[PDB]
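Structural features, examined
Listed here are the chains, written in short residue letters.
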Amino acid sequence: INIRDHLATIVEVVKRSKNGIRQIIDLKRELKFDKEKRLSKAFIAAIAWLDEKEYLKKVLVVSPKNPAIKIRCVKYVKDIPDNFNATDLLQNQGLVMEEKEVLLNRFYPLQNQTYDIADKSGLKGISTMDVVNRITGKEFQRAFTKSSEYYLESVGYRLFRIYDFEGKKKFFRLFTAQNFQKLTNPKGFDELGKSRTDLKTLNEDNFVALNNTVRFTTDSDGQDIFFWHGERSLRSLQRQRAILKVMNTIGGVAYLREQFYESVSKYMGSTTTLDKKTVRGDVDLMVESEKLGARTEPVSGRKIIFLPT
Amino acid sequence: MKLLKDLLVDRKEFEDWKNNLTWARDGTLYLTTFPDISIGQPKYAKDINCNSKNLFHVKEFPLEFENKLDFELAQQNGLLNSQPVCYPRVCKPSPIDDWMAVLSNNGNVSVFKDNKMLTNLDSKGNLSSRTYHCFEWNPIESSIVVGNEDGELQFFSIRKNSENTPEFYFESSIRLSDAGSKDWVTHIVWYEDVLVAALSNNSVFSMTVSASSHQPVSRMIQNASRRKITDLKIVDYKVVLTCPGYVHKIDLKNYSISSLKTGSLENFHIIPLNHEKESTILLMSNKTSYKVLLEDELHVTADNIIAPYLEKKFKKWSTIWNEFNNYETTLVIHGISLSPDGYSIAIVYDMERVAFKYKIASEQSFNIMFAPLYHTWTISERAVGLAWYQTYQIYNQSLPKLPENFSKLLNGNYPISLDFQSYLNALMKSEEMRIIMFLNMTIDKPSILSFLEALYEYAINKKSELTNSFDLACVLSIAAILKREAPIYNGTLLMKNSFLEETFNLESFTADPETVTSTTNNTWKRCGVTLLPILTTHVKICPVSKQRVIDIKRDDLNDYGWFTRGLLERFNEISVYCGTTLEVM
Amino acid sequence: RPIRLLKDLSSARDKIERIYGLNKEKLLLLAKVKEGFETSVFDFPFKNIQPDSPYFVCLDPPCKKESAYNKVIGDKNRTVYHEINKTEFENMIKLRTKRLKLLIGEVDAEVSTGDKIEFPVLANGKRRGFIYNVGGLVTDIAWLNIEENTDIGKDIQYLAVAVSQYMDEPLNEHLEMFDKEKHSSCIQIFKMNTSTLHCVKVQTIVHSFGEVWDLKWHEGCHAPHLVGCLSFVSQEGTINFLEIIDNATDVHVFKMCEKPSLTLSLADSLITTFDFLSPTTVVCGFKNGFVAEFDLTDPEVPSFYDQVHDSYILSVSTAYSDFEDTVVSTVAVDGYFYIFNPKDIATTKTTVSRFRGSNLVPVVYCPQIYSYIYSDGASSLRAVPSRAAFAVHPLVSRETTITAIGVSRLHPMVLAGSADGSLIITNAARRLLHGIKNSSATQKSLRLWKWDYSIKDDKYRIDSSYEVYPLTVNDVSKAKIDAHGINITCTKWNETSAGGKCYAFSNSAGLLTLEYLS
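Residues numbered from 1 in each chain as written, not as in the entry; some residues may be left out. Chains lettered and ligands numbered in written order. Part of a larger assembly, values for the part shown. Heavy atoms only, no water.

The deposited coordinates for this entry were obtained by cryo-EM, with a reported resolution of 3.8 Å.

Looking at the side chain of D310(C)
Considering the arrangement of structural elements, one finds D310(C) in the loop between β18 (305-307) and β19 (313-319). A relative accessible area of 10% means that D310(C) is categorised as buried. With near-sequence residues (within four places) excluded, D310(C) lies in contact with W17(B), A355(B), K357(B), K359(B) and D334(C). (Helix = DSSP H or I, 4+ residues; strand = E, 2+ residues; numbered from the N terminus. Buried < 20%, exposed > 50% of the residue type's maximum accessible area, 1.4 Å probe, protein only. Contact = heavy atoms within 4.5 Å.)

Some remarks on the interface of chain B and chain C
Listed by partner, the interface residues are 41 residues for chain B and 56 residues for chain C. Both sides of the chain B and chain C interface together cover about 4500 Å² of buried area, and 52% of this is carbon and sulfur. Of all residues in chain B, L79(B), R226(B) and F356(B) bury the most surface against chain C, accounting for 17% of the area lost on that side. Between chain B and chain C we count seven salt bridges in total. Between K359(B) and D310(C) there is a salt bridge whose closest N-O contact spans 2.8 Å. Joining chain B to chain C, the criterion identifies 25 residue pairs in polar contact. (Buried area = accessible area lost by both parts, 1.4 Å probe. Salt bridge = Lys/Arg side-chain N within 4 Å of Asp/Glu carboxyl O. Polar contact = N/O pair within 3.5 Å; in protein donor to acceptor, adjacent residues only side chain to side chain.)

Observations regarding the pairing of strand β27 (residues 344-353) of chain B
All names here are of chain B. Burial within β27 is extensive, with nine of its 10 residues counted as buried. Relative to strand β28 (residues 365-372), β27 runs antiparallel, the two sharing six bridges. For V348, the partnering residue across the bridge sits in β28 and is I368. (Pairing = 2+ DSSP bridges.)

What to know about the sheet that holds strand β1 (residues 7-10) of chain B
All names here are of chain B. The sheet built from four strands is open, its strands ordered β1-β28-β27-β26 with antiparallel pairing. Looking along the sheet, the strands with just one partner apiece sit at the ends: β1 and β26 (329-338). Looking at each pair of strands side by side, their axes are set apart by 25° on average, direction ignored. The sheet contacts of helix α1 (residues 307-321) involve β26, β27 and β28, and relative to β27 the element is tilted by about 25°. (Axes fitted to C-alpha atoms, helices over the stretch in contact; angles between N-to-C directions.)

Details of unusual backbone geometry
Cis rather than trans, the peptide bond between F34(B) and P35(B) has omega equal to 0°. Position of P35(B) among the secondary structure elements: in the loop between β3 (29-31) and β4 (37-42). Unlike most non-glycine residues, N19(A) shows phi in positive territory, near 60°. Secondary-structure assignment places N19(A) in the loop between α1 (3-16) and β1 (21-23).

Structure below.
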């Protein structure tokens, strides 16, 4: 396909896109330049040329909840005379537009460095793409991952690995013992070795004779001479965690009513109220888990939740 | 003119950042990749379509090594047998003959013909004297110089090659090092009659080396010094060498010394533009390149020849892999080499971020860029076969400078009647034979009429010896295609293959160069050199002219005479049309 | 024989001639070391390292080979300093305010900056020496040496500690190894008696060169006005040599440095590690994987600048010998371990292994047995002879990464510290100089100490109890995470004959500890 004819179509398509923005991966997908790597190269070159000639501008857009999930987009400018489809994420408020213009500590082992950032990142955790990029940059992702398999663990400084989903991308998330604490919803001392023999006994009694090898004697001349002959899900868990704190911040009791669903949504941080069924599912799970007691008010028919303590 | 698209070598690795690329006489590229060599084997195609992949096909070249220093314990070099599993560390092709020599990791030099080992070089002496670090080929005659750990430039020279496998045998050794000193040879360069060698302590010696002299004068042109010699070349008898922050120019006509600061510590490769009117060199490094004119005085000038292309490619790559200018980036050059004719350069390189890289074999790859060094070019007597075509294609198909009196066409005068095998040698050594071979790479239908006149004249002179039937059949075929009188003879020729025998009247061989008809009414095509009927399943094919040649090592039924045996033994590998190696099945 | 893998060297005499050659004068040292240390499983007789011993063996480092002060420094290059008060010292270098709760056997203490603690009596024997508190991250330690033939008291010795103003956090914008970073960091220089273990902080040097590592005293920088000269790579990407000018008093002094006696630097590249090849030349590595030999007399331009690695070169080490070339070894984040000769890298470069990419790989030279000693970047300690790279012998296995290694010129005893706070001692000569067959049982190791910590009690809990670990040959690499402060950051033996049974080690919280093995 001759790309030299299509440059006008690329500018007109971006010009006709909502707010003059289009994802570059989605633009490739529309014009069907995804069928062959030959067509892909032609398209990436064309987008770059239109950017250099100032007909379009390459811009980033950043997920308001995840600085590593950023979308490569083209912005319209004037008329001609990382690969996940993010058309899902572009539906949100998503206003974090940015027009385009390494922490590795030698002295402490790599284990303690992933632990420290997984701790400092708090109860929200950190993604493997954040950890690798901030510690060592993109090129070291191989040697990092072949190292992390020796110490990250499946669900006292232990690190837990848990799956997560954003947009259309699935990635591992890291959390420290903070996870155990917030799943429960830090070890003390340990025993000294109780071994008591004198080092002289170990330097004597632990000896075993070695194989015969090069040996020597001193001649009458004082000369040294030789002898060798003879020798269940992250969003549900986060919501259940929230429902206790959203009760306790009011008191030992709450009502399961509209303004409570609003408060759960508002403490969680959503721009719109969560569906009542989604909240009731987790309320029922934590009630059944005995974290909450619940009953009907006998003089109103409204439902009460309370802390059993 | 635009440069051809780069040859993309994939999944190959290099163990060190030294010069790893060499380019043989027949146009074959050699890359000292780890653990096995990668050969850019040459091929023919007219529709190159701007892509270098149509000239060079890349394949692993798994040689096999045996180690003469095995069983023998390492002394003052502790590393000698440190890794006992051998791999190639240096690889150079012959500049006039047609062999390859390779330095093994454990310091042997071994010589090879294609994938077959010829001989492993050895001489009496202490363990260090038997251990080599650099080697070079004589630019004029069949001999090799090797620099050992004792600081001796040892000579080996070559015989027996016409009768059997070439014998490499020990001749002599100049001790270039001081008495009882521990420094050893690192570089050797040999241009026309002058040899120049550099020891580890940076002491450099220039001497005239010739068969006519037993006593070469080892004149030390540079005293022992601190700064390491990164590269060393001979350029119109001026020696050129480079060190961190400096380029040193020396004239061997008077042994005078001179210097210029390079302004950077990156390693500089010396690229001598031998065909220029004034002795001149390009200096190349991973960050900058420039042209130094070597007159009586030194100079700094723009590398307009090569730098603009590399800068474009580097900007193009940067636009994708460093679009924010987030990373410092470098152009790593794993090797640079001149074409055997000296009119073109090949650069093997990759673009990389300075970072916490942990690479693996499957992710590694390299681009080989081919580029013209001049606006005009000519055939050279060193380069052969596809090497001429390579330069022609690199110069955007621009034709070479033909003689003004000859612009077949020329068919130059040949007042000769030398001994027959040597007559074919002298015939192929002629300038007129070389331009004919190149012209066949350009015209729509290849031809060899000029060469046939040389065999016709030989057969017409040697009339008293044309007693064999096949020999007569060959001569009659030449006479008829040439439109010159056919020698008088009578009777029937017989030819055979492994299952079938055919009788031919000598008169059945018409003047037609395409076909012949047998007495049994069966038609057959003619061979591309002896003109005989192609009756056997053992012909080699010419990759240029598509003609067929009978393999005389495979035939065991035809009773060939001196002319037919001698023709085929002289053309059993090299094409009579184009100097290329014939393909085999 | 086709001698091509370690298992082909089945005969003990065949192993020794294959790994060590046939130079008669070289083989003497191996016979002396074998007889003088075969019975030294975890400790050695003091009588064997003494200068008159029938088994005395001592190989001086290449920097000691001739006098270097007049070539490396001289009166033309004296270090520029000025003295300071304690108030401005504590304004920049905010060493730890809050005291640390140590436990040592039965004793508690709250230990402030500078509180020396002699070892209390412990159930497993007569422990001798002291714990300390240097008050910030100990990045490196370096023992000086003095020739015992001098008029200086044979029992007085010196030690230096490089100390960060940064603390128990292991990830910081200020300890970055990749990019150039000048900031305030210091050197505490200690004078101590090997006879009475009494110690005084003599000088504190303040500099803006950032953190300091690969710290070593130049044993040839002799002059009557100097204690010695102290050499290191710094986070500003340069190598700095500075004069330790002697006081007229035992009283403490605080100093600030304006210009070190000799700074080695290169355009657009940061030097990362270095070693001496002679009294006046150093091999060094750079961020970009290059290697260069600088001349301390002519520091303007390096002798060579060649690429040897793909990425950050972590450690470089010299394998000096009286009978073979001075080979150099290098390891980098690309995981390759290469041995080469600086005469010509391209003709001599050789590979010992490829590790997993690891961001701290300790490598040292054991001159008594001509073998490099290294961590595999994961959790095993291994030996490789400089002239038989395939002859890799594993020495010990640990549950957490080996982070610091130390060895001496007078004895083959190797000290290794893991980031689990364990410190182990083992005799490397018992592995190198003897047969392969019974290696899984004839070679063992001993834990000399273990740090531990409680998240809730906040103590550091040094355990004196000795534990024996036998050699697991076929063992898996392991990576148990542990408390940030309890990892071991350096470990080195004093190498004088008088001090030769003395060693020093540090955790990352600041708890420098010394013991005299008697």
